[PDB]
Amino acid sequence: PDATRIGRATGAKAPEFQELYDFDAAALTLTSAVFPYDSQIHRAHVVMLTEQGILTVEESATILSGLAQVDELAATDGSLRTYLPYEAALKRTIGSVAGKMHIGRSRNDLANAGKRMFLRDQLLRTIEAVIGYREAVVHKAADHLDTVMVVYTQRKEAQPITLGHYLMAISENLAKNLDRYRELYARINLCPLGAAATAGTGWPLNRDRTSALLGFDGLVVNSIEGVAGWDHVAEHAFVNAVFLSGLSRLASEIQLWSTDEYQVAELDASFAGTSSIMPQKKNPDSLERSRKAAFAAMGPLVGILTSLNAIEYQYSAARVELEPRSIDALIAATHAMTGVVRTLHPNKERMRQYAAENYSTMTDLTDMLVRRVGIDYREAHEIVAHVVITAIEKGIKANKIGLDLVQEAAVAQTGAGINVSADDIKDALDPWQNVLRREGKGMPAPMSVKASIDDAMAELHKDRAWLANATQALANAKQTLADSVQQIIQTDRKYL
């Protein structure tokens, strides 16, 4: 445990919590993050040129062996991570044949392809983390089917639910965001190589080959769109922003739960900090830095769209990027909230107490009057509203409101009495009966939530299966490319 773990900040920070403090100093520049993908593009482009007869196997093998050498130099020399200095280092290593690797190619389609491969890997990384986020949310829900508590609207107690019911709302939010990310992946995972500067080339390239060797699923067909297309960058920034906004809302929800006044939940010690001056603080540092990441995600979205609004439909060096440190912040926040949800400690007795005492059961009292004594809904509302006004005025908790108070309210509001028993009123005000009566689809009754959990468990299986399939497709292509490179270098070494 480091020096911030003093007083009530007991134990060490959870590693998910620690990520929130580390990502910024640890993030790569976009140039350094994309550089390893430029190397892969060089090999796939050279292999494709070799299959097309633009390069001989001897030329190809000289280039490919040199790529490995310059790749090793650039591991410690950042100046070799942009195209032309890299090419010049390659030319100093293997000679003038290094220049031939740029046949039919530009920096424009090379940079668009490399950025796509970077965002592609970061997209699967994101999808993996959001799946783990949803897993923690669903698995937590399954343990709280009977954890009765109030739900809020406008930050006011509304009606009784369960913690499991609340968490499945988050699960449905995450399922739709996973669809957004998967829909985006289909547009990110297209290869623009072969567009060259913006208009293709007279060299007889095989664009499908280059695309396949790099794991892309299809082509960015039109060559202008290949170098000028940037909407997938804006879309990636947007889904990041809207997903994180839902994460901010849950962090904010848990933060209010764990205020000194609510006290219906408490953060795990490993996800809280304290003050150096106020020893009583158990601070939601994990929650607030997670929200901060969500707020910061607005930045790339606006910058990218602003740059697109400011140019023509051309290749342009003025377009704003989605940078590694932005995605790194998202992953840190997602992991932190995963651990926050997993380790959250609800005060079940305080939750039930608020539900039973603070008048969220009044809707069921109103519905009972309408459904049992058959008064108009507005008139039942006016009676129960008077009940609450009086109960508050006299200090009577909701689970102490009885037949007398209801009748005086009726008489006070309608002149007439009311035709109900004390048992009917008691069952209307029982908060657990409130939950059980709400047994429709998507409602908090345990059997309803359990059905939602069964559906989410099945959908999570599809989520992991999609991620596994997309990951293996990239791994298989990366292996085919590596095999092709060895075949060319070894064959030239031994038989040519």
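Rigid core (definition): largest C-alpha set, two forms, superposition within 1.5 Å. When you see a residue number, it is the position in the sequence shown, counting from 1.
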query	finding
In 5 other deposited structures of this protein, rigid core aligned: more displaced of 414-422 and 288-296 by C-alpha RMS	414-422
Farther-lying stretch by C-alpha RMS in 5 other deposited structures of this protein, rigid core as reference, of 231-239 and 369-377	369-377
Between 127-135 and 233-241 (mean CA B-factor, as deposited), the higher	127-135
Comparing 419-427 with 223-231, the one whose average Cα B-factor in the PDB entry is higher	419-427
Largest Cα B-factor, entry values, listed residues 200, 218, 164, 374	374
Most elevated Cα B-factor in the entry, residues 334, 112, 414, 255	414
Third assignment of residue 247 from its chain's C-alpha B-factors	lowest
Third of chain Cα B-factors occupied by residue 464	middle
Third assignment of residue 86 from its chain's C-alpha B-factors	highest
Ranked C-alpha temperature factor of residue 383 among modelled chain residues, by third	highest
Where the record places residue 394 (Cα B-factor, split into thirds across the chain)	highest
